Amino acid sequence: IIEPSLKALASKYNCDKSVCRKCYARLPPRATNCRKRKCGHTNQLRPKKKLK
Amino acid sequence: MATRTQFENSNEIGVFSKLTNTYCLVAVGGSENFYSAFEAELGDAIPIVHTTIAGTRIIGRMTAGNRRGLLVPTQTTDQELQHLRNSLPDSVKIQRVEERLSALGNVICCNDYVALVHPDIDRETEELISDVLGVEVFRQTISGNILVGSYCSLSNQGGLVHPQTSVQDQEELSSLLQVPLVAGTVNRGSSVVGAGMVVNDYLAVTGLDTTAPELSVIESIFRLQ
Amino acid sequence: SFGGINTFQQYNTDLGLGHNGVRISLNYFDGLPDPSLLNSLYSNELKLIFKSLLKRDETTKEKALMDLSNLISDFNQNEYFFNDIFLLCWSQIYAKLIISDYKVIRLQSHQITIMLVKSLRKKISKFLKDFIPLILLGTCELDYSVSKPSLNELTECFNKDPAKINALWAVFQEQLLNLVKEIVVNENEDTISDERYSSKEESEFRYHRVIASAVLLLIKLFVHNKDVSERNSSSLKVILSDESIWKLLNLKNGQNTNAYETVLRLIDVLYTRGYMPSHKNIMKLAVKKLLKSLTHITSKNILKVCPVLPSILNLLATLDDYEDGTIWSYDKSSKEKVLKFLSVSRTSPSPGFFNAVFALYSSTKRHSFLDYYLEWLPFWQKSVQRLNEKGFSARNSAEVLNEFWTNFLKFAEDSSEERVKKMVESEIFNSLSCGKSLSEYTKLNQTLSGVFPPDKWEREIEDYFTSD
Amino acid sequence: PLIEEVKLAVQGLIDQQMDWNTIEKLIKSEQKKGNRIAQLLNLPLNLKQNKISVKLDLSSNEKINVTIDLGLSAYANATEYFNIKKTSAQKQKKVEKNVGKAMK
Amino acid sequence: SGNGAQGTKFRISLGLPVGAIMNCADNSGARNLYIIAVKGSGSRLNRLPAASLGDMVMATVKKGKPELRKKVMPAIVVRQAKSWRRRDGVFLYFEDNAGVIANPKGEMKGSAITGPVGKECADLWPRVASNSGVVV
RNA sequence: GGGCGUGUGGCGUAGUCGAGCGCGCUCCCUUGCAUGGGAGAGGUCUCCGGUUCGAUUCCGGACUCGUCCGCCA
RNA sequence: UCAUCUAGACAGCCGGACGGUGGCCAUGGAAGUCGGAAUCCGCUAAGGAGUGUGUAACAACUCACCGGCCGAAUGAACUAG
Ligand SMILES: [Mg+2]
Ligand SMILES: [Zn+2]
């Protein structure tokens, strides 16, 4: 156990992201398009897979 | 205590260490836990010497030790001999042995009073053992095992011998040594008991894989309680 | 950092050994420190030490203990670290630590507690009640090595005042007894040691070792406090009723007869106290076990059990005296067991064992437990005859043979039978004839003069000169 | 509510990262020492599938053994047992539709 | 060597390539060992994997007891007979190639060793040093 | 390597979605150049999933066996 | 091509987001939120017989709607260089 607030603060940077389906890039959670050129700024995004 | 110790992963402590009543010898290339076991259990009353014999980390199989004396092979250098002479107390006598078998821990199984040797040793070496150690000597094999030092663990209180030993050989050796002997295993069933562990009057050090019934047999036969 | 709550312990509302609001128990499953309490600890360094202590591996446990000790050494720097919270936690773990198989762990744990008290003197008073019994158990343990240093240290802690040490026994007698009770009745061998990592044996061995220490503790406690029996009778009855203490007296198997000796001493103490008479049923239960013990003693293990035998016999004489060999009376086969025992005992005779046997004989004749001519005298003749074979090849046998002769002469004086005296004379001559050195056993020879009269010996010399 | 107390107790022991066999030995010892929360439990614990089993009185001396998931509420476990009841009824109706044409 | 090594080993001049037959020094009933592989050996085109003293090899019993023949087992080289240099600069060699049988962890199948063994092997394998008569 | 088909009691063998016979031998009865008769035992229908209400039976996958075609100058 | 727009639009904060009514069937329960149908009034500046989270069912939170600050364009879908 870390602490509940400290787990929230660490998960803000480590777990509450989104993943581009084409190029696996770690993206902002409210993003609409990937920031990478190689996937062509696609809008195929998924949430980052949580535990539990 | 039969103290669980490893030599960097090695569960054979008799190979890398030689323990008597008066002194202890440990290899120079040893871990902090391995040194800390002898330092905590032995205390400050008994000197612990970090030594190398003949350029080898193995010292228990190279040397045969007693409270009165220590025997070293011919290949031991003058620097190691002088370091042992300075580090050891004045009571013990260190003498080089010039003998072909040259691995005195494997050749000789000895305690304070009585010793078992390899049958084929030279007579000058037998007289040298009787002189320096002050110990009466028998040439005998443990159920056909000529390496009595590797295949027997011996102290003043009792002895552990090879597991595959004839019972008749057990009472014969027990009457010859005037101590009770038990056939048993050490280090999760390893046959080489003398290489497996070191023992004296109040301490036994063994490998970590030595199981609880084996450790109970050790403390029972060596009366360490 | 620490999570979870000990709800089950809360339902129980039992403080176990502890008087400070924390359950303290020897058993592995419970008494582990509460996570909330652990969180409360003053420093991260302490918290880690505790987590390591919880872990199963010994090397880690030792490492943590060493670290804790180092922190205590710098008390001034770490005084803030040590707090009631620390004390509550240490106490809970300390109990489990004292039962540890590894000697170093036990020794270090005891040393740490004593050090803490010395530094925190007069600040550990609330916690003293929990700690003192445990500290004492360490001071009174079958292994000399753990107990002796612990004892010396305890004395230094109290400024080397013997009175204080005795005072502890008096002041905490109720607490001490509670500890003994918990080991004997509340605990079981399985509870003490986890089954997966421990066999049926060893666990059994362990429970016995711990209980043996408890019996040892009781003996000192009884000696220290006379009224302890009266004040603690209800609890004492419970402790005695349990078969566990009685199970301890097994010589059939087991490495240490030291444990067995301790139980005998307790039974002896109980009879001397009159507590055993007070609860006759308890005395009977002990007697039955003593009878079982006789069967256990056997030729195969005679060498192993030989030092313990003289003691058994001396105790037997005292117990038999009570209620007219009432102890013998309970068992129909008591005589049968004795007969078997005698044969086994005679084959190997301990030094001083025969003196004990004569004392038993002094007791037996009054209640006529045994027929002297058919059984006692002949068995003795067999025993000396056996000794004659054992003439004196090994050490001490020489002392034992002389010892037997002293006893045998006494046996004969009681016999008042012509045949017996004649038999003695024949044996005496034969013993000399078998040979040994009179000079070597000079003291024995001086004792030996009675068998051949001084004038007879001069006549004996004339007969010897005549001999071819 | 008492099932929720038992669940909170077992989950509190789980959240201490305690070994499962030591938890079962703690349940046995508290049953021997007469703790009601311990005595409501059945000892072959399915902690591998996060499931316990609990003894409930049939009449408000016979007891029934019911399996409770630790990750759902007691009412939610009751709704699962109701759901297994409801699924069994539909299969029975399918059997009743089957019977005539099958036996013909 | 590899897994069961107790420490490292300085480079000894390689004397036993693949296909070499050495004497079987222990009392396990085997007469010779035939080397088919060396543990820890590298890869080069056309180069034979060669063994030195103290190395663990894979070997078959070509001559000996039938329950030891016709299978592969690990072995440890204890006598080399090709001269090699130590860091004190003596060039030394035995008069025959000899090895003992072991498991992959390194403990000996046999119980006693006939003839000398090298200290570079005895330091690296403790069971060999345990059952060894003379260490040079 | 690929294609096509195959898999039933100890053995052989019949199966339309609702496991029988023969052979081996279990027992009993009954007979020289040793028979016959009567009750027996014997299957996870190669295995795993879905459909059905129920698959030897329908379907999909895997295993196994048997066929056919396949490298160079 | 649809919509909104100085009579205050879209983002961002803040407040309300209600009664008839736990609307009718159906369920051991399901009260806006397991489903089947209907989907209407009042008070309104405004609030769906409910957009989600949500409980055994509740409770609770949030929505799309209206309001203060902002003062001017913005949202959705689609087409092709
Ligand atoms: Mg090539
Ligand atoms: Zn992308």
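We name chains A, B, ... by the order of the sequence lines, and we start the count at 1 in each one. Scope of the values below: all heavy atoms of this structure, side chains included, with no hydrogens, waters or symmetry mates.
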**Prompt:** Just wondering, are more than 12 heavy atoms of other shown residues or ligands nearer than 6.0 Å to OH in A:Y24?
**Reply:** no
**Prompt:** Just by distance, do the side chain of C:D67 and the backbone of C:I49 share a donor-acceptor pair under 3.5 Å?
**Reply:** no
**Prompt:** Of the options E:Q80, E:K9, E:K82, which is the one that meets E:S52 in a side-chain hydrogen bond (donor to acceptor under 3.5 Å, both in side chains)?
**Reply:** E:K9
**Asked** On a whole-Å scale, what distance lies between the P atoms belonging to G:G22 and G:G15?
**Response** 26 Å
**Message:** Does the structure show a Watson-Crick or G-U wobble partner for F:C53, both distances under 3.5 Å? Name it, or say none.
**Reply:** F:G18
**Asked** Any Watson-Crick or G-U wobble pairing between F:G70 and F:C11, both distances under 3.5 Å?
**Response** no
**Request:** Establish whether the base of G:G28 is bridged to the side chain of D:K86 by a donor-acceptor pair shorter than 3.5 Å.
**Result:** yes
**Fill in**
In whole angstroms, the gap separating P of F:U52 from CE of D:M103 amounts to 21 Å
**Message:** What is the distance, to the nearest angstrom, from the OH atom on D:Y75 to the P atom on G:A30?
**Reply:** 13 Å
**Message:** For C:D190, is there an ion pair with C:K200 - N to carboxylate O distance below 4.0 angstrom?
**Reply:** no
**Pairwise P distance, F:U51 and F:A55 [rounded to whole Å]** = 10 Å
**Request:** Sort out the partner of F:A39 for me: Watson-Crick or G-U wobble, both distances under 3.5 Å, none otherwise.
**Result:** F:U26
**Asked** Between G:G29 and D:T79, is there an OP1 or OP2 to side-chain N/O distance shorter than 4.0 Å?
**Response** no
**Asked** For the atom pair CD1 (D:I52) and CG (D:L70), what is the distance rounded to the nearest 0.5 Å?
**Response** 5.0 Å
**Message:** Distance check, P atoms only: G:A49 and G:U33, in whole angstrom units.
**Reply:** 14 Å
**Request:** Between G:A57 and G:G28, how far apart are the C1' atoms? Round to whole Å, please.
**Result:** 10 Å
**Message:** Suppose you measure atom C1' in F:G9 against the same atom in F:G43; what distance do you get, rounded to whole Å?
**Reply:** 5 Å
**Prompt:** Of all heavy-atom pairs between C:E195 and C:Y28, which one has the smallest distance, and what is that distance?
**Reply:** OE1-OH, 3.3 Å
**Residues from residues 45-52 of chain A lying under 4.0 Å of RNA chain G - heavy atoms** = none
**Prompt:** Quick one: do the C:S203 and C:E189 side chains pair a donor with an acceptor below 3.5 Å?
**Reply:** no
**Message:** Whole angstroms only, please: what is the NZ-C1' distance between D:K93 and F:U52?
**Reply:** 18 Å
**Request:** Pick the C1' atom in G:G36 and in G:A30, then give their distance to the nearest Å.
**Result:** 14 Å
**Prompt:** Given the cut-offs of 5.5 Å for six-ring centres and 30° for planes, are F:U8 and F:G9 stacked?
**Reply:** no
**Item:** Side-chain ion pair, D:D19 and C:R196, N-O less than 4.0 Å
**Value:** yes
**Interatomic distance at P, G:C34 relative to G:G23, whole Å** = 14 Å
**Complete:** Scanning all shown strands, the Watson-Crick or wobble mate of G:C18 with both distances under 3.5 Å is G:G42
**Asked** Whole Å only: how far is the CZ atom of D:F82 from the P atom of G:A57?
**Response** 13 Å
